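Structure file structure_22.pdb with PDB, C-alpha atoms:
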```pdb
ATOM      1  CA  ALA W 195       0.000   0.000   0.000  1.00  0.00           C
ATOM      2  CA  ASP W 196       2.984   2.403  -0.136  1.00  0.00           C
ATOM      3  CA  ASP W 197       2.910   2.978  -3.913  1.00  0.00           C
ATOM      4  CA  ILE W 198      -0.105   4.656  -5.525  1.00  0.00           C
ATOM      5  CA  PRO W 199      -1.424   2.946  -8.681  1.00  0.00           C
ATOM      6  CA  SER W 200      -2.799   4.881 -11.626  1.00  0.00           C
ATOM      7  CA  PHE W 201      -4.629   4.197 -14.881  1.00  0.00           C
ATOM      8  CA  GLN W 202      -6.994   5.814 -17.373  1.00  0.00           C
ATOM      9  CA  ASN W 203      -9.650   8.110 -15.929  1.00  0.00           C
ATOM     10  CA  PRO W 204     -13.156   6.886 -16.872  1.00  0.00           C
ATOM     11  CA  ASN W 205     -15.078   9.649 -15.117  1.00  0.00           C
ATOM     12  CA  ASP W 206     -14.967  13.349 -15.977  1.00  0.00           C
ATOM     13  CA  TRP W 207     -14.798  16.667 -14.126  1.00  0.00           C
ATOM     14  CA  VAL W 208     -18.050  18.051 -15.524  1.00  0.00           C
ATOM     15  CA  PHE W 209     -19.860  18.979 -12.306  1.00  0.00           C
ATOM     16  CA  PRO W 210     -19.138  21.181  -9.268  1.00  0.00           C
ATOM     17  CA  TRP W 211     -18.141  18.067  -7.318  1.00  0.00           C
ATOM     18  CA  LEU W 212     -15.857  18.627  -4.342  1.00  0.00           C
ATOM     19  CA  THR W 213     -13.432  15.680  -4.342  1.00  0.00           C
ATOM     20  CA  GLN W 214     -12.570  12.545  -6.301  1.00  0.00           C
ATOM     21  CA  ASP W 215     -10.806   9.296  -5.445  1.00  0.00           C
ATOM     22  CA  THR W 216      -8.070   9.624  -8.115  1.00  0.00           C
ATOM     23  CA  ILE W 217      -6.926   6.019  -7.499  1.00  0.00           C
ATOM     24  CA  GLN W 218      -7.587   3.725 -10.474  1.00  0.00           C
ATOM     25  CA  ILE W 219      -6.318   0.177 -11.005  1.00  0.00           C
ATOM     26  CA  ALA W 220      -7.077  -2.305 -13.775  1.00  0.00           C
ATOM     27  CA  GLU W 221      -7.642  -6.046 -14.126  1.00  0.00           C
ATOM     28  CA  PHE W 222      -6.929  -8.038 -17.294  1.00  0.00           C
ATOM     29  CA  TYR W 223      -8.728 -11.259 -18.241  1.00  0.00           C
ATOM     30  CA  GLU W 224      -7.619 -13.477 -21.125  1.00  0.00           C
ATOM     31  CA  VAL W 225      -8.596 -16.875 -22.527  1.00  0.00           C
ATOM     32  CA  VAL W 226      -6.312 -19.405 -24.223  1.00  0.00           C
ATOM     33  CA  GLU W 227      -6.689 -22.831 -25.829  1.00  0.00           C
ATOM     34  CA  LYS W 228      -3.694 -25.156 -25.652  1.00  0.00           C
ATOM     35  CA  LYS W 229      -5.015 -28.764 -25.873  1.00  0.00           C
ATOM     36  CA  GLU W 230      -3.576 -29.954 -22.574  1.00  0.00           C
ATOM     37  CA  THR W 231      -3.193 -33.593 -21.526  1.00  0.00           C
ATOM     38  CA  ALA W 232      -5.445 -35.783 -19.388  1.00  0.00           C
ATOM     39  CA  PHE W 233      -5.211 -39.000 -17.376  1.00  0.00           C
ATOM     40  CA  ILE W 234      -7.506 -42.030 -17.635  1.00  0.00           C
ATOM     41  CA  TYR W 235      -8.018 -44.085 -14.473  1.00  0.00           C
ATOM     42  CA  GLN W 236     -10.146 -47.000 -13.280  1.00  0.00           C
ATOM     43  CA  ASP W 237     -12.633 -46.470 -10.466  1.00  0.00           C
ATOM     44  CA  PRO W 238     -12.087 -48.852  -7.518  1.00  0.00           C
ATOM     45  CA  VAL W 239     -15.814 -48.855  -6.701  1.00  0.00           C
ATOM     46  CA  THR W 240     -17.233 -49.643 -10.154  1.00  0.00           C
ATOM     47  CA  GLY W 241     -15.400 -51.016 -13.172  1.00  0.00           C
ATOM     48  CA  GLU W 242     -15.802 -47.846 -15.227  1.00  0.00           C
TER      49      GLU W 242
ATOM     50  CA  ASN L   6      -3.035   8.063  16.450  1.00  0.00           C
ATOM     51  CA  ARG L   7      -6.208   5.974  16.627  1.00  0.00           C
ATOM     52  CA  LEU L   8      -8.328   9.123  16.836  1.00  0.00           C
ATOM     53  CA  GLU L   9      -6.415  10.528  13.862  1.00  0.00           C
ATOM     54  CA  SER L  10      -7.274   7.493  11.724  1.00  0.00           C
ATOM     55  CA  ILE L  11     -10.919   7.549  12.831  1.00  0.00           C
ATOM     56  CA  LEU L  12     -11.207  11.257  12.027  1.00  0.00           C
ATOM     57  CA  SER L  13      -9.512  10.788   8.646  1.00  0.00           C
ATOM     58  CA  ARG L  14     -12.002   8.061   7.715  1.00  0.00           C
ATOM     59  CA  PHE L  15     -14.901  10.211   8.913  1.00  0.00           C
ATOM     60  CA  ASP L  16     -13.676  13.260   6.985  1.00  0.00           C
ATOM     61  CA  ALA L  17     -13.295  11.238   3.786  1.00  0.00           C
ATOM     62  CA  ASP L  18     -16.778   9.756   4.219  1.00  0.00           C
ATOM     63  CA  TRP L  19     -18.322  13.161   4.967  1.00  0.00           C
ATOM     64  CA  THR L  20     -16.678  14.911   2.016  1.00  0.00           C
ATOM     65  CA  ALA L  21     -17.411  12.086  -0.438  1.00  0.00           C
ATOM     66  CA  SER L  22     -21.198  12.399   0.096  1.00  0.00           C
ATOM     67  CA  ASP L  23     -21.851  16.134   0.414  1.00  0.00           C
ATOM     68  CA  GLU L  24     -23.997  17.055  -2.603  1.00  0.00           C
ATOM     69  CA  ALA L  25     -26.541  14.280  -2.048  1.00  0.00           C
ATOM     70  CA  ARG L  26     -26.885  15.137   1.645  1.00  0.00           C
ATOM     71  CA  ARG L  27     -27.337  18.844   0.901  1.00  0.00           C
ATOM     72  CA  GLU L  28     -29.976  18.181  -1.758  1.00  0.00           C
ATOM     73  CA  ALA L  29     -31.842  15.707   0.464  1.00  0.00           C
ATOM     74  CA  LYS L  30     -31.861  18.183   3.361  1.00  0.00           C
ATOM     75  CA  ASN L  31     -33.199  20.853   1.005  1.00  0.00           C
ATOM     76  CA  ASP L  32     -35.908  18.416  -0.111  1.00  0.00           C
ATOM     77  CA  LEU L  33     -36.906  17.695   3.490  1.00  0.00           C
ATOM     78  CA  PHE L  34     -37.072  21.400   4.340  1.00  0.00           C
ATOM     79  CA  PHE L  35     -39.077  22.128   1.179  1.00  0.00           C
ATOM     80  CA  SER L  36     -41.560  19.314   1.786  1.00  0.00           C
ATOM     81  CA  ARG L  37     -42.087  19.676   5.547  1.00  0.00           C
ATOM     82  CA  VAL L  38     -41.507  23.236   6.788  1.00  0.00           C
ATOM     83  CA  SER L  39     -42.066  25.719   3.953  1.00  0.00           C
ATOM     84  CA  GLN L  40     -41.716  26.199   0.196  1.00  0.00           C
ATOM     85  CA  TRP L  41     -39.994  29.623   0.086  1.00  0.00           C
ATOM     86  CA  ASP L  42     -36.282  28.796   0.378  1.00  0.00           C
ATOM     87  CA  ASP L  43     -35.187  32.430   0.551  1.00  0.00           C
ATOM     88  CA  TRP L  44     -34.011  32.686   4.164  1.00  0.00           C
ATOM     89  CA  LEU L  45     -30.734  34.111   2.859  1.00  0.00           C
ATOM     90  CA  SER L  46     -30.914  37.694   1.542  1.00  0.00           C
ATOM     91  CA  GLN L  47     -34.434  38.152   2.937  1.00  0.00           C
ATOM     92  CA  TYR L  48     -35.785  40.929   5.225  1.00  0.00           C
ATOM     93  CA  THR L  49     -34.691  43.603   2.722  1.00  0.00           C
TER      94      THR L  49
END
```

Let me see the structure of the file written as structure tokens.
Amino acid sequence: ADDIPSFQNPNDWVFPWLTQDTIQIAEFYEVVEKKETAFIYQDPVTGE
Amino acid sequence: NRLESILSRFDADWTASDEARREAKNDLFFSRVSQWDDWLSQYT
């Protein structure tokens, strides 16, 4: 918490508002497809 | 120290919600007491 993050400002100063937070951080989601491997086992309970 | 943190939180909370509180208080005064909101600069 000692460094102050910053990012783009979505809101605007278009009103006689007193104060603003002025602390913006961002999160980045991404999706990939890689065709990973898998294991095939045998269930001890039923033979499936 | 503790009082300083409490007062800092309270000041941030009070300043962050000023316009809505002022407008709501004006609404209450307009709806309950009277409808002539000219107490300032009156009596002239």

Practice item. Pull out every residue of chain W sitting within 10 Å of chain L, counting all atoms listed in the file, and send them as a list in words. Key: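 The selection requested is residues 210, 211, 212, 213, 214 and 215 of chain W.
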
Point to revise | One-decimal distance in Å that lies between atom CA of residue L:14 and atom CA of residue W:221 | key: 26.4 Å

With 3 Å added on each side, what axis-aligned box encloses every listed atom of stretch 8-27 of chain L? Give the centre and edge lengths in Å to one decimal, as JSON.
```
{"center_x": -16.9, "center_y": 13.2, "center_z": 7.1, "size_x": 26.9, "size_y": 17.4, "size_z": 25.4}
```

Exercise for review: Apply the PyMOL selection byres ((chain W and resi 217) around 12) to the file shown and report the selected residues as a ChimeraX atom specification.
Suggested key: /W:195,197-205,214-216,218-220

Create the file for the chosen residues now, containing C-alpha atoms and written as a PDB file, in the frame of the given file.
```pdb
ATOM      1  CA  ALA W 195       0.000   0.000   0.000  1.00  0.00           C
ATOM      2  CA  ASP W 197       2.910   2.978  -3.913  1.00  0.00           C
ATOM      3  CA  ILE W 198      -0.105   4.656  -5.525  1.00  0.00           C
ATOM      4  CA  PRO W 199      -1.424   2.946  -8.681  1.00  0.00           C
ATOM      5  CA  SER W 200      -2.799   4.881 -11.626  1.00  0.00           C
ATOM      6  CA  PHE W 201      -4.629   4.197 -14.881  1.00  0.00           C
ATOM      7  CA  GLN W 202      -6.994   5.814 -17.373  1.00  0.00           C
ATOM      8  CA  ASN W 203      -9.650   8.110 -15.929  1.00  0.00           C
ATOM      9  CA  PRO W 204     -13.156   6.886 -16.872  1.00  0.00           C
ATOM     10  CA  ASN W 205     -15.078   9.649 -15.117  1.00  0.00           C
ATOM     11  CA  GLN W 214     -12.570  12.545  -6.301  1.00  0.00           C
ATOM     12  CA  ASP W 215     -10.806   9.296  -5.445  1.00  0.00           C
ATOM     13  CA  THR W 216      -8.070   9.624  -8.115  1.00  0.00           C
ATOM     14  CA  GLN W 218      -7.587   3.725 -10.474  1.00  0.00           C
ATOM     15  CA  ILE W 219      -6.318   0.177 -11.005  1.00  0.00           C
ATOM     16  CA  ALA W 220      -7.077  -2.305 -13.775  1.00  0.00           C
TER      17      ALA W 220
END
```

**Study point:** Computed interatomic separation between atom CA of residue L:28 and atom CA of residue L:15 (Å)
**Key:**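 We find that atom CA of residue L:28 and atom CA of residue L:15 lie 20.1 Å from each other.
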